[PDB]
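>>> quick one: experimental structure and sequence below.
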Amino acid sequence: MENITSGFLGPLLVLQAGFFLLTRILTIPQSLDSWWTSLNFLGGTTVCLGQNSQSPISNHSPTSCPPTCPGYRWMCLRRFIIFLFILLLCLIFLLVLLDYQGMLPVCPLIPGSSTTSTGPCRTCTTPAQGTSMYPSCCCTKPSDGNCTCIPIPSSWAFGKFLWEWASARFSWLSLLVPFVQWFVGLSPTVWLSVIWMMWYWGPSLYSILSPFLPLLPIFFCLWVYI
Amino acid sequence: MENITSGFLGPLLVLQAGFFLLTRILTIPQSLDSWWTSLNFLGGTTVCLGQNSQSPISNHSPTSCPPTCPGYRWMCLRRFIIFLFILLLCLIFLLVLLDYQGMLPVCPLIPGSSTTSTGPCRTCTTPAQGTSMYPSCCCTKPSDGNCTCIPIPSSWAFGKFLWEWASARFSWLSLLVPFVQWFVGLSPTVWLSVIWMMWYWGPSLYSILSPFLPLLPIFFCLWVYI
Amino acid sequence: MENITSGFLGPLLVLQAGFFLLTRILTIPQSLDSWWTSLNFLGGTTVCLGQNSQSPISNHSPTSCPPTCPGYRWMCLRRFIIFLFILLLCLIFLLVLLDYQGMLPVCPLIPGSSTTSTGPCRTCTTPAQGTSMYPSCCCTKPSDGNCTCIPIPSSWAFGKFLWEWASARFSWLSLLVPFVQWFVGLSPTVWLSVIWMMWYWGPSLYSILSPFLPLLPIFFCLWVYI
């Protein structure tokens, strides 16, 4: 085709490109309205008949009530708002996915004597307050100091980049994270079966044993003199 | 008593406040429940089906519906889902805020020739492979030994550089240029006042020109020919 | 064998085989009818729509109701079509039930350099035409006289030449091949949990997939350009 088609080509491409974008947009809004209803439904109906009638219209009105109607106008506004919300939420998944490409560095810092290769310290001595996240380490110090510092290496997706620095701030909270770790060490597969059986639990177990949970203060008093 | 009474009473008050922290956290759940009720019922009231027949209570369980009786499991499930959504959006805000701040790492590696150092270059980089992309700057070039690249910026982590790149990396340059010119040509706040006046016009204009835009969608064979 | 009945043992075996074959043939009709009735009768009853008030049938139903059943001719046609389909299915099953005893051949011919022979090569293959593909190994190369290629292995029933050759056609499929490999390597001992999750929760799975259907072309085009 190419040029020969291009020579005889007219405005067909114009309409072809122009359309189906409105579909790709509006369908996402109507679908989002459907899921919002479902969450509201959770075993409920469609309603959308509370916008009075304003006309002899069939007040069934799934998702948006009807459009071209006074009630559905602000429903259309809510649809536009939700469309903006989704157009925002897409970037969250986009960044979450793209972060594991490894192109991005974490560019972290930690105190140690390790080196990826042959690194001569030459009496590397210049310390500072807050050794973590120190100066740029472009040999930025009282002198050059013969400095070699960290490149962007490989980690469990930027855990060393951000989590490790934050986990240092956890420290004692990270010490309780070891408690949640021996809790996590409890087998997961078996835990999968337990959770599967635990559908009868949850809100139902909450209803079953809520009153005792408020009575936890007696145990707190007991453990006070533990 | 003294500071030993101090410790016992304080463990007691710790139980007490965890109680208050739990109430504060759980408040956000019902808060978001009312949020969804308001948003979905834009100009609408609140009537659950959770106040079903198997509910001796009145319509008091038909607005936001914790609804311990009848439909309870799915209401609590929606509550947990919204809680997860909020605990997600909190990161969406906090990460951007911390990235802008100062401390967050943003070590960049892109092709450039900007120079700011002391007695630099005269060896520089001579990489004729891997295009112009740069790898972790321990010593990016295959044979670089005295290499020194660029330190992270005080301004928000990349962002502007990524936008400038995607202005050509995601192309759209020609289209963006006219659109950017038009946006600059409408930058004046007087038009912003006009746009605000158009709020009432907005839905009204959409209602008036629904068929109007339908007809314009032909444009007499799209501007005669093209 | 050791027959001790002469003309009596053989007739008994023939009668047993005929009865078994007739039972299987009827079951395939009968069991298939029951199966797809249940497919419809996950809910809906079995009252014969094709049956009519020809002779006031007390209950013209029983899935496929035959005899006359007004429109038993259509019922008979459906039964015959189902029987043909079941015959095809069992023939395919029997065909798959092969190559496990080593009877099946899997003589492969693909480009490679693996060597396992006695005093081999030093002449080998010098074909500079037809790319790297190999033809029937009488003597594949245009001028090969002492040629010896590769014997069929003990590797699973699959010829696997179609596999790798089509893995070349769809390298992305070959990429996910390791993914599914460790997914199977994740141990089928926990596959029961996956099965349970697939049940029931598949409804919300399709509910979410509804967004994926709107988002499938968008992401596909995104990575199409990416």
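Looks like it came in fine. Residues are numbered from 1 along each chain as shown, chains lettered A, B, ... in the order given.
>>> look up phi and psi at residue A:134.
Dihedral angles phi and psi of residue A:134 (degrees, to the nearest 10) take the values phi -80, psi -180.
>>> wait, what's in contact with it?
Applying Cβ atoms under 8 Å, 6 or more residues apart in numbering or on different chains, one finds that residue A:134 lies in contact with A:109, A:128. Any C-beta I mention is one placed from the backbone N, CA and C, and that applies to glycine too.
>>> buried sites along the helix or strand harbouring residue A:16?
Remark: residue A:16 resides in helix A:12-18, with elements defined by DSSP states H and E. The neighbour-count check on helix A:12-18 (16 or more other Cβ atoms under 10 Å in any protein chain shown) flags nothing as buried.
>>> the helix or strand immediately after it in the chain near chain B at all?
Stepping forward along the backbone from helix A:12-18, the first helix or strand reached (DSSP H and E) is helix A:21-41. Yes. Under the criterion of Cβ under 8 Å from any Cβ of the partner chain, chain B is reached by helix A:21-41 at A:36, A:37, A:39, A:40, A:41.
>>> show me the contacts for the closest residue to residue A:32 other than its chain neighbours.
For residue A:32, ignoring the flanking residues on the chain, the nearest one in space by Cβ to Cβ, 6 or more residues apart in numbering or on different chains is residue A:82 at 4.9 Å. Contact partners of residue A:82, counting by Cβ under 8 Å, 6+ apart, are A:29, A:32, A:33, A:36.
>>> the spatially most central residue of chain A - nearest residue in space that isn't next to it in sequence?
Using Cα atoms, centre = their mean, the residue of chain A that lies closest to the mean C-alpha position is residue A:92, 6.0 Å off. Nearest residue to residue A:92 in three dimensions, chain neighbours excluded: residue B:92, at 6.1 Å (Cβ to Cβ, 6+ apart).
>>> remind me which helix or strand the one you found belongs to.
Mapping residue B:92 onto the secondary structure by DSSP H and E places it in helix B:73-101.
>>> is the next helix or strand after that helix in proximity to chain A?
Following helix B:73-101 in sequence order, the next helix or strand is helix B:160-169 (DSSP H and E). No. In this structure, helix B:160-169 remains apart from chain A according to Cβ under 8 Å from any Cβ; the gap is never smaller than 10.6 Å.
>>> mind listing what's buried in helix B:160-169?
Taking 16+ other Cβ under 10 Å as the basis for neighbour counts, none of the residues of helix B:160-169 comes out buried.
>>> of the residues of helix A:21-41 next to chain B, closest to chain C?
Checking those against chain C with Cβ to the nearest Cβ, the nearest one is residue A:39 at 10.5 Å.
>>> show me the contacts for that closest one.
B:36, B:78, B:81.
>>> so what touches stretch A:178-186?
For stretch A:178-186, there are no external contacting residues (Cβ under 8 Å, 6+ apart).
>>> now swap in stretch A:42-51 and tell me
For stretch A:42-51, contacts defined as Cβ under 8 Å, 6+ apart pick out A:37, A:59-66, A:69-72, A:75, B:41, B:43-45, B:47-50, B:71, B:74-75, B:77-78.
>>> rerun that using 6 Å as the cut-off
When contacts are taken as Cβ atoms under 6 Å, 6 or more residues apart in numbering or on different chains, the neighbours of stretch A:42-51 outside the stretch itself are A:59, A:61, A:62, A:65, A:71, B:44, B:49, B:74, B:78.
>>> show me what from chain A comes close to chain B.
Proximity of chain A to chain B (Cβ under 6 Å from any Cβ of the partner chain) is limited to residues A:11, A:14, A:36, A:39-40, A:42-44, A:50, A:73-74, A:78, A:105, A:107, A:136, A:138, A:151-152, A:203, A:220, A:224.
>>> would you pull up the residue in chain A closest to chain C?
Here chain A gets closest to chain C at one residue, residue A:192, 4.7 Å apart by Cβ to the nearest Cβ.
>>> secondary structure element holding that residue?
For residue A:192, the host element (DSSP H and E) is helix A:188-197.
>>> how far off centre is the helix or strand following that helix?
Next in sequence after helix A:188-197, counting helices and strands by DSSP H and E, comes helix A:203-209. Using Cα atoms, centre = their mean, to the nearest Å, the distance from the centre of helix A:203-209 to the centre of the chain it belongs to is 29 Å.
>>> just the closest of the contacts of residue A:82 to chain B, please.
Proximity of the contacts of residue A:82 to chain B, judged by Cβ to the nearest Cβ, is greatest for residue A:36, which lies at 5.7 Å.
>>> can you tell me, leaving aside adjacent residues, what's nearest to that closest one?
Counting by Cβ to Cβ, 6+ apart, residue B:40 is the residue found nearest to residue A:36 once chain neighbours are left out, at 5.7 Å.
>>> what parts of chain A come near chain C?
Selection of chain A residues close to chain C by Cβ under 6 Å from any Cβ yields A:27, A:28, A:31, A:189, A:192, A:196.
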